[PDB]
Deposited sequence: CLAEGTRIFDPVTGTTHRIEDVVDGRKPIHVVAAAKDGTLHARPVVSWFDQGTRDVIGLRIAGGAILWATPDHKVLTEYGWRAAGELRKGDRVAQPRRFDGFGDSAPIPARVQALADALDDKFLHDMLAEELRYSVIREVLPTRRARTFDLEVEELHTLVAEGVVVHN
């Protein structure tokens, strides 16, 4: 599950949403989803889940992003899908390359793993691809 505050970009509208707002309002937004080959595609959210308050850990990525998710949340890495709790400094996660062009994914090293924290968590179902970019990182849905 992803923590409250997680930013999700809707490529069809240009709006960046906070996951808790998407779930609380059952907003049918589109997200940046990753296909098996690494290409990105806009896919609609079809299910919304308020997963309650749970423990989450943080992955500070080279570049500035800090992904907060439960230890069992799956993240796309250089070695495929791995649980956030299994990752450590040095491991690389998948991130979309800048949309302005200045092929579509890049792997960034985890700067540091942050200690467990209590937070409201959520989940979304993304049609067909079951993935989405959250806090600048390709994560599992």
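No alpha-carbon coordinates exist for the deposited sequence positions 103 to 129, which form the chain's only such stretch.
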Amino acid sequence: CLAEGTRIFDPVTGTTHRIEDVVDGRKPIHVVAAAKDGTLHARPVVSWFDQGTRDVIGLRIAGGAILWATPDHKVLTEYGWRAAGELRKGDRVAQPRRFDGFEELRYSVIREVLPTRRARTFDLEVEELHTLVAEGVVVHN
From here on, numbers count along this sequence of modelled residues.
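Mean CA temperature factor is higher for 111 to 119 when stretches 65 to 73 and 111 to 119 are set side by side in the entry.
The mean C-alpha temperature factor is higher for 81 to 89 when 41 to 49 and 81 to 89 are set side by side. The entry lists a Cα temperature factor for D24 that places it in the highest third of the chain's modelled residues.
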